[PDB]
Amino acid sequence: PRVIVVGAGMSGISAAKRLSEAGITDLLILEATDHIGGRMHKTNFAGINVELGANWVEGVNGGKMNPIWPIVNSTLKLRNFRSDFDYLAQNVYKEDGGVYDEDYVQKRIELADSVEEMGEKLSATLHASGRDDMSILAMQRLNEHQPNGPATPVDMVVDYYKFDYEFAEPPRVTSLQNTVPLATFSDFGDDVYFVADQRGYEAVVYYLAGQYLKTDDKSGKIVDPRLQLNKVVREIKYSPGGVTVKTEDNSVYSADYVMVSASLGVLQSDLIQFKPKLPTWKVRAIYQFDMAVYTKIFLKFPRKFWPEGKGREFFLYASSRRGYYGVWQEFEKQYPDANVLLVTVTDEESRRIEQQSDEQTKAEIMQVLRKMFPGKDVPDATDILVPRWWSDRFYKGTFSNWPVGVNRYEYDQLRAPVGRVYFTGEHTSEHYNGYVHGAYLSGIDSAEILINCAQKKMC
């Protein structure tokens, strides 16, 4: 059968690969951008390539092998380092000058961890129907016996680092049942390894794709005509007999099936018109799940003024304004001598920030850094890079997040095809939504679902 795959991100390439492996090779991969990889995408910043999107292989060293790890660590040997968050207590900056007492912070972290652990126990007891699910915030109130969760600046930044920095939305909107504990870590291990390779984390996608798409023997570039870049799908027309897909450049294509890999955000946006309209159950499932945004703001300085050394990689800024430029990273290992800092924000801050100029953001950041390093002569960042994923119509966000209110059945409706319209992507990952490995496995499962239906008529 001919299958059109919309999008050449991890899941699209992964799905096409799986299809090809089932022998469905009459594929047409339509990618909106001029490159493949989607959310795994590097860029030159300050003479170095940094990841605008995914940057870690998360869930390593556990009881099950994270499928991406071997590709990263062995097959491609992409340069990488395990992140050590053990020294956070030594790196929590007071809103107005210097770090807090490490012991004080370590206890706050401990309480936080302890609470989450109790949340994990509780989570295990909830009913599969999700009927007793609650937001993580609700669990925190319950375990701490307070009418609120973390509310002091230190508690909040700890909270933000523990949750928002992972999920990109606050605990209060987050489904406890579906995030605590998280399969990714529960299955693959608690370690996470930061990929810092000039080839880019995206090399993983390119590798997969080269396993079945044609590439130039010298160039190495993919030249397979089954991959068409700069093809923005804008319409997918389907019937019991097949589908037609129209691209922004006005090309029109036909196939027996279409595998949609565009992000949940893209699906929530109307960039693609389905005709007929997706059924209500589908639409509701789509709109009920969350497409989070996680913005990696890179900054380059004329000189270092922050600490480097053991436990220095990650540091938090305990602003009284929850989530305000709170999580920082310095790359003494990754990009030795670059004088680059990375501050991450999400959700509301991400949308506010994407909406203002880089200069304005730089200026806000300079004020924070100055407040952070009052003793130093903090030079103004020479360059800043503000990824605008939510604003990018081909992503409209960085990764899904599971909100309280959505249960599994409904999450699964996300994965459900509609007639000949199949879906794949991290937000369709049965247990790894939000990750590269989730996009990866999702391409596989989605393809297998189409394969059984299409090849064995077992739908």
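Residue positions are given as counts along the sequence shown, with the first one as 1. The term rigid core refers to the most C-alpha atoms you can superpose between the two forms while keeping them within 1.5 Å.
When the other structures are laid on the shown form by the core, the C-alphas of 57-65 and 411-419 differ in how far they drift in 5 other deposited structures of this protein; the larger average drift belongs to 411-419. Using the rigid core as the fitting frame, the root mean square C-alpha deviation in 5 other deposited structures of this protein is greater for 248-256 than for the other of 248-256 and 202-210.
On average the C-alpha atoms of 113-121 have higher B-factors than those of the other stretch, with 151-159 and 113-121 being the two compared. The stretch with the higher mean CA B factor, choosing between 355-363 and 131-139, is 355-363. Take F373, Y193, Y104, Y207 and read off each C-alpha B-factor from the entry; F373 has the highest.
Comparing C-alpha B-factors across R226, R321, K282, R108 in the deposited entry, the largest value falls on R226. Sorting the modelled residues of the chain by their CA temperature factor places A168 in the lowest third. Per the PDB record, residue ranking by Cα B-factor puts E31 in the middle third of the chain. Sort the chain's modelled residues by C-alpha temperature factor and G241 lands in the middle third, per the entry. For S20, the recorded CA temperature factor ranks within the highest third of the chain's modelled residues. Placement of the Cα temperature factor of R39 within the chain: middle third of the modelled residues, per the deposited record.
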